[PDB]
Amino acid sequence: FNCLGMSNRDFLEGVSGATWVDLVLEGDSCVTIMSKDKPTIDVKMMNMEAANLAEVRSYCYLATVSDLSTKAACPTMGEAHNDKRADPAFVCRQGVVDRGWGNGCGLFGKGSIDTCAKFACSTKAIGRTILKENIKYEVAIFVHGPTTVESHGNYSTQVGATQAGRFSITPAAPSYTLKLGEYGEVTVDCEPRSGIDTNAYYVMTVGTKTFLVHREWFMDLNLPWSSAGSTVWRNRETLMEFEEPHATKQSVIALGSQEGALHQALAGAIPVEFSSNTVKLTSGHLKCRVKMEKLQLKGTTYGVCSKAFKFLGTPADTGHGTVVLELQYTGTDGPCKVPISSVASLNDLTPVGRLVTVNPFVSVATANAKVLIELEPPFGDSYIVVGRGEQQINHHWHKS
């Protein structure tokens, strides 16, 4: 929900004197944004899903091909009408059988025949739609306020500290104004627009493995089917019945169910994880405008920390041209600003390393508190320093 530690991170400084910034978020990526005299924040897209879906069709693979019927009609006696023709209880089909004396009929020749088999469904290869209106985005915003190696990744702690949030964006309401306590608030206006595949594709569901198929390959396929009712049409797939029998019994062999027909057209349609009501879309992006003239600093009326500061370990390389590290404050005094900067050479007057964790400070008054810090040092060798004079400590670093 925040950027630290992610490989898909991008640092931004909107514009000069800008209270807003235009941005682009995508799947597994994050973005850290900096702005003069204001907290740093991380905008990050968490999830992409198609919610509130609706079914469209339902092809079956089937069972019930058990009950039989064979309404017999003697030659010249006309056609045969099976009572099992009043209700879709069964599927009927007429035929004719060569007969006569040999089998109870008076004349010789073709006699009518109208048998019927039953139909209900077993495994429904269900499928649904994705209204562009069903697309909802989940953006998470973090605030680079006080943290520790520990609490930095705990969403809970952070929310509690009002230094994080997770809201959703929809075509309905593409914006939001996330309030962050005394830090004011950030208001994004993400524009659902994105470079992705049009809703044109259907939502194919097969047993467990969900897939995304082409409207037509799907709709224009050959298998029994049913929209939103218990009523099924084209059940003709109850085939291979017409052994072209006798009036006694017309073998109604249940058509062998060969999942190959489906499977075979696997690769074509893209696979997708789908929970009863959700469809996580993987490909997609979002253009946002992080307006933040309402984002504001905090603890700016406090004094500078004046007590020893100790490193808790070799700073680490984020792989982004910045490093992380955690301090510990011997200080007994309360919430004070942390005097840390990046100096080009011991005891220089002017800094050179910009802090990602701008305006850092010991959150509590409980001595020996920890402070996490991410900063970008200059290239080549440099020194990180905390405190000043004879309290001041330091640790060297060399960027490449």
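Just count from 1 along the sequence shown to find any residue number.
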When mean C-alpha B-factors in the record are compared for 310-318 and 234-242, the larger belongs to 234-242
Averaging C-alpha B-factors over each stretch, which comes out higher, 197-205 or 322-330?
197-205
For the C-alpha B-factor as written in the entry, point me to the maximum among 161, 178, 121, 140.
121
Out of 373, 51, 344, 45, which residue has the highest Cα temperature factor in the PDB record?
51
Considering every modelled residue of the chain and its Cα B-factor in the PDB entry, is residue 258 in the lowest, middle or highest third?
highest
State the tercile, meaning the lowest, middle or highest third, of residue 153 with respect to the CA B-factors recorded for its chain.
lowest
Where does the C-alpha B-factor of residue 214 rank in its chain, lowest, middle or highest third?
highest
In terms of the CA temperature factor given in the entry, to which third of its chain does residue 349 belong: lowest, middle or highest?
middle
In terms of its chain's C-alpha B-factors, the third that includes residue 85 is the highest
